[PDB]
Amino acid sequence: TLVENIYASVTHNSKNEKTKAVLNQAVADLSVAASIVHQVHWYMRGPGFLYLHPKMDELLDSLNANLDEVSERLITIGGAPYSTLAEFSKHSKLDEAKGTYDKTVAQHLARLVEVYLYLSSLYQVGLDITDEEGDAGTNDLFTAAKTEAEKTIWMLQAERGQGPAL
């Protein structure tokens, strides 16, 4: 599963070391997810632009809110969050591609679903890790973030004419 792979990678290399590692992974992934959403906001062309464009700002605001909470939780529990664009790009498991105007609306929606599916899996790894290490507060952070990501997947999938397929 994607979950097993993320776990293995996050824990590859203190009593809360795994929790700190998975939070830092989320710092990098949220920053890249926000960049991807912003690319859709700017590069999209096609019918529906006038409601999809501002929808991207809602998603962006929510991702950046997650980023701030995740990073500060990591600081709070004694860690050190990534805080440069090079660190985000290098350590994120999400890939970016050069923006192009010729991407279709359908392609943008598919990419957004892939991003939130990835984030949902990362958060599940966060749940498993925080349960293991007994960090109830960080467990709750990951639960709320997963729930929000799953709701986003349902809605974006519905726009594509599909079910959530979690």
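Numbers follow the displayed sequence, beginning with 1.
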I need to verify one thing: averaged over C-alpha atoms only, is the B-factor higher for 140-148 or for 14-22? 14-22
In the PDB record, does 87-95 or 67-75 carry the higher mean Cα temperature factor? 87-95
Whose CA atom has the top B-factor in the entry, of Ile129, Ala110, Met56, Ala33? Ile129
Report the third (lowest, middle or highest) to which the CA temperature factor of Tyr123 belongs, ranking only the modelled residues of the same chain. middle
Grab the CA temperature factor for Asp29 from the record and place it in the lowest, middle or highest third of its chain. lowest
Compared with the other modelled residues in the chain, in which third is the CA B-factor of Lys103? highest
